[PDB]
Amino acid sequence: XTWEXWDXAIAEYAXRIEXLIXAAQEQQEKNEXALXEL
Amino acid sequence: XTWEXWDXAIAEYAXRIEXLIXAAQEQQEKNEXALXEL
Amino acid sequence: XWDXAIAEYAXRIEXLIXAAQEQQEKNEXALXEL
């Protein structure tokens, strides 16, 4: 169980950040849409 | 008081991660600025 | 020992925030071209 709880939480923030880097790659692939339309 | 302290310290790093993920989203929402200034 | 623990979390998390900024510098490719 609480310490091994936290080391859970941090790995499941690291979910959220690999989330952000989803979002950024799926901007990159809109940007490369834009550069299509140009 | 000590471990309910430690469990304080970790939750207030998890403050900073949620600071960082502010910063990443408010860069993402600058990127969508760049993609505006087309 | 424990401030060990947090600094070696910030290893992992701020490791990943490396990966996000070095995706951001991929995003700045098109936003370079346009």
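- For this coordinate set, the PDB header names X-ray crystallography as the determination method and states a resolution of 2.10 Å.

- In the PDB, the title recorded for this entry is "Trimeric helix bundle formed by an alpha/beta-peptide derivative of the HIV gp41 CHR domain".

### Side note on the interface of chain C and chain B
Often the size quoted for an interface is simply the accessible area lost on bringing the parts together.
Line of reasoning, step 1. Every contact between the two is made by 10 residues of chain C and, on the other side, 10 residues of chain B.
Line of reasoning, step 2. Counted by class, the side of chain C that touches chain B contains seven nonpolar, two polar and one charged residues.

### Section: the pattern of salt bridges
Line of reasoning, step 1. Of the charged contacts, one joins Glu 18 of chain B and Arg 16 of chain A as a salt bridge, the two residues approaching to 2.9 Å between their closest N and O atoms. In this pair, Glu 18 of chain B sits in helix 2 (residues 15–18) while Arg 16 of chain A sits in helix 2 (residues 15–18), so the two residues belong to two different chains.
Line of reasoning, step 2. Of the charged contacts in the structure, one is a salt bridge between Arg 12 of chain C and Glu 18 of chain A, with a shortest N-O distance of 3.4 Å. Note that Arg 12 of chain C is positioned in helix 2 (residues 11–14) and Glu 18 of chain A in helix 2, a pairing that runs across two chains.

What counts, and where the lines are drawn
- Residues numbered from 1 in each chain as written, not as in the entry; some residues may be left out.
- Chains lettered and ligands numbered in written order.
- Heavy atoms only, no water.
- Residues with missing side-chain atoms left out of burial classes, pairs and counts.
- Contact = heavy atoms within 4.5 Å.
- Nonpolar A, V, L, I, M, F, W, Y, C, P; charged D, E, K, R; others polar.
- Salt bridge = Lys/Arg side-chain N within 4 Å of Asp/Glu carboxyl O.
- Helix = DSSP H or I, 4+ residues; strand = E, 2+ residues; numbered from the N terminus.

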